[PDB]
Structures are given as C-alpha cells and as structure tokens.
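The form deposited in one PDB entry is given below as one chain in structure tokens.
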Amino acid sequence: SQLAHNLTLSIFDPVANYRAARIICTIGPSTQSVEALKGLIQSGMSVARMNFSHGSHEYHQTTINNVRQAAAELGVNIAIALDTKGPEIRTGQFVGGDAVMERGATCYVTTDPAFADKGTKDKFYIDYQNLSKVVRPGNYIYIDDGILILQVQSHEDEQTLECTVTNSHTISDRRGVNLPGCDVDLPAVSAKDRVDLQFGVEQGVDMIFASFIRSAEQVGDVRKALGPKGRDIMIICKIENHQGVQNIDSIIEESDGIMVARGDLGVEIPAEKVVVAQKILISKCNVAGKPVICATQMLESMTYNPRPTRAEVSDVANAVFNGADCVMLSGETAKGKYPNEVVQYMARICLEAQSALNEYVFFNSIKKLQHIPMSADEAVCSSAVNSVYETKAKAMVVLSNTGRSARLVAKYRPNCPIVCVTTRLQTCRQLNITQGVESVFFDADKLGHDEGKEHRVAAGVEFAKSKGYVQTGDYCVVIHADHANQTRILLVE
C-alpha cells in the first residue's frame, strides 16, 4: 500500500513540479486591491473566498470586481465563493449596554421576551426560545465568541436557568451564544442569508460555502434561496457541529461538496476527535466524487510571523495525505501581514506532499468500493484511468462541458495531470476546487461548434504539451463521458 511506497521514496530527488491540491484564499483588507489579488494569484490562489459574516454588499462587490480584473489581466480563471453567515444566537440588551460577569458567581438565563432590554449581570435574555429544554444541568453556555463560559446547574422555571460564571468577562449588547453538545434547531438559511444569496446569484458567484449545515433538507433550503437563476451555482456545505457530522452521509448526498471547518467543530468536539472527523469526512467525499475543503486554522502563525510552525506545516501536508481537494487560508490572507508568503508556502507544502502521495492506493480503493454492475460513465472513467496506469500515460484530456466528467475522472486519482476542455467558462472556475485538474476554455462562438470534437482534443493536448506534461511520443488518454461516450489512447505528436 502506502507504507510500501514510503520505502521507495527519497527527499533528495527532484519534485516533479505539478501540484494537484488547490488553494482557497479569504479576501480582506490586506488583499482586496487588484495588485494584492494578482500577487495572490501568482502565489497560488485558485479560489477567492468572501466571508459574508462581515462587510457590506458594496464591499464584496469591490472584491468581485477586483478578482475578475486581476484574473483578466493575468489571463486566468479564478472561482468566487460566497461564504454565508448562517443562523446565529445573540443575547438580549443590557442596562447600560454592559454586564460585568465574574468568576464563581451565579446568574440566570431566561426565555422571557420581557428581559430583551432589562438585561443585567444577574438575569438576561437569549433569543433561542427552546432554552430550558435542549439545555440540561452540567452543560455549558458560551457567550461572546466563546470567551465567556457559564455552567448550568438547574432551571428556575420553564424559561429560566441558573448558571455559574466560570470565568470573569465583560459582555455588551447582543453577542452570540454557543451550546456545546446541545442539538439546536435553528433554520439553515436566515433572512440575512436569503438577501446575500440573491446578491450572489445576481453577481454570478461560482459557489456557496453554506454555514452550519446539519441536514440534507437544509441543503434544499439553500437551493430554493438561490432560485432558478442560480441552479448552476455549487453548494459546498460547511460542517461545523456534531449534527453535521452525524448526518454527513445524507448531507454529502444532497450537496455539491463539503468543507471541514475544524475550528468550528472544535468548539464542542475534542481536538483529537476533530482530527479523526476530518479523515472520515474527507474519505467519504473522495468516495462520493465531490470536492472537500480542509478549512480552518491553517498556517495560523503566519498571519503575523514570516515563518509557520513545525506543526502547522505537517497539518497542511496531512490534509493532502488525507485526500483533501483544497486547503484554505482565512485570516492569513484576509488581515495577515504576509499574504503572498503564506500562499507560496502552502503551495510548496502541497507540492512536496503530493510527491510522496501514492495515488494508486486511491484508485484501487475507489475501484473496490464500486458496486457491480455500474453505469456506463462510471465504468468509462475507471477504465480510462486504468489505461493511464497501464500505459503509464503522462496526461489525460477530458472533454466536459458541465465539469461532471472531469470530476468523475479525478475521483479515480490518475497519477498524471488531467486537462479539462470546456465550452463553459464557469466550469473552468468551478473545477478550481477539484484536485489535479486544469481547465482549457474552448470558445464555441469564436472557433465554431467543433461538431466532431477534434479541435477540443487538440486544444487539450496542446495545453498539455505547453506545460510540459507530454512530449512527442508520449501517451495521452482522452475521454468524453455523458453529454455520448468515448475513450482513446493517443500517441502525442
């Protein structure tokens, strides 16, 4: 398997410079300008993430315009993702807009609407009306970004709870609350999300990073919110709690991909468990054939330091080893002091990790999991990747309009670059979260319909030659899968 593969490796060999993993960068104050964006692109960014939990529509409109320009100027295609704010539990108001909590002392959390303004350090409101229930004695209540920690001990009545302030901390008006291990029942898409999602559709974003998904039904709600004009936008579900992890199979089923939000998962789940959860969610996505993003606290110390820690480096490497399609940067690029350096370092780690990755294990493991009989395209994509291993071909050319085939082929993990030739420019952008693929845009209006596909195959091969994947004499596997089937093993000229 892989253990056997490690025995044959050496770090003193040249690393065949091809990076399959993709990097997503969160845009912010230190990276919003066009020039800062081009630098990010030249450093290795494939997707530009807009964190909608902060910033106005005019702010994000600037990001959208600057990304599209920076990309245009450099001649590439960069995906634009809208990361949703999601549902949120905020407290009521306080008398004097403040409430000084202190260590060891008691307080009372009521489900009574009358205290929405009469809040004091002794008794205040929390807008989650199913409070006295989902909350038992011994549980914890995190308030204000998880800084303040209360410890429930009994219920005064059907609306109030008696808590102990476990640590001193001052809290102002309406600051979010978290309920560790408690099954909350908040709606998927909030009113704010609904408004932001319609904006995303109008601006033509490529994908949505849907916050706090815990149900297959919730994914459906996000679709409706996008409406018919946003039927082609991908919905990447952010798994941020235990429910999302429990219902992972059905959520993956409905979604277009998954994001493992380690930091959010870590709020109520032990760190060591989050590690294991990451392995599970990534492997399940791999088998499903949908992109998976390793998402939080990546190269964290680089947000201010020019060099990351020993541990941060291995964390990035292992996300790749786990099978992640993409790795993400949040504050490192959003408010960081070294935007380009973090991305460059991340790309470097991904390249190195790849050289050691035994992709034949993935191919084999994904083949054994296939149910027999399987459908035509399933069989075609496996055989095409099988041929790659058999002939030791140096590249694959997949003609896919919607990116469906490219994503299916990539699932089998060939040990060579995959070049996708599409007539859709959005496919070029959406494939940016799929590992080991590169898209070549074929203009049907400027170069004709190519009814016969040869021009597209030629385009894909020329790109492969251009990049140095294949030289005259090399073998290249070509495919066409759904919309209506074909595979060729070409001798590159």
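Here the rigid core means the biggest group of C-alpha atoms that line up within 1.5 Å when the two forms are laid on top of each other. The first residue of the sequence shown is number 1, and the count goes up from there.
Just so you know, the form solved in complex with a small molecule exists too; it's not on screen, but the next bit is about it.
Chemist: The small molecule is absent from this chain, but in the entry with it bound, do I89, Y142 and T164 each have a non-hydrogen atom within 4.5 Å of it?
Modeler: Heavy-atom distance to the small molecule in the entry with it bound: none of the three under 4.5 Å.
Chemist: Counting only non-hydrogen atoms, which stretch in 121-129, 272-280, 325-333, 69-77 is within 4.5 Å of the small molecule in the entry with it bound?
Modeler: Checking each option against the 4.5 Å cut-off leaves 325-333.
Chemist: Flag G468 as yes or no: does it have a non-hydrogen atom within 4.5 angstroms of any non-hydrogen atom of the small molecule in the entry with it bound?
Modeler: Contact check for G468: no, nothing within 4.5 Å of the small molecule in the entry with it bound.
Chemist: Is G39 part of the interface with the small molecule in the entry with it bound - any heavy atom within 4.5 Å?
Modeler: No, no contact at 4.5 Å.
Chemist: Is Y59 close enough to the small molecule in the entry with it bound to count, meaning some heavy atom within 4.5 Å?
Modeler: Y59: yes, in contact with the small molecule in the entry with it bound.
Chemist: Would you please decide whether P29 lies within 4.5 angstroms of the small molecule in the entry with it bound, comparing each non-hydrogen atom pair?
Modeler: It does: once the small molecule is placed as it appears in the entry with it bound, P29 has a heavy atom within 4.5 Å of it.
Chemist: Please find the residue from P306, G220, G227, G96 showing a Cα shift of 2 angstroms or more between this form and the one not shown, rigid core superposed.
Modeler: Result of the comparison: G96.
Chemist: Using a rigid core superposition, assess whether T120 undergoes a CA shift of 2 Å or more between this form and the one not shown.
Modeler: Yes, the C-alpha moves 2 Å or more.
Chemist: So, superposing on the core, is the move of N241 at the CA at least 2 angstroms between this form and the one not shown?
Modeler: Where the cores coincide, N241 shows only a C-alpha shift between this form and the one not shown that is less than 2 Å.
Chemist: Is the shift of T110 between this form and the one not shown large enough to count as movement, that is, does its C-alpha move by 2 Å or more after the core is superposed?
Modeler: Yes; that C-alpha moves by at least 2 Å between this form and the one not shown.
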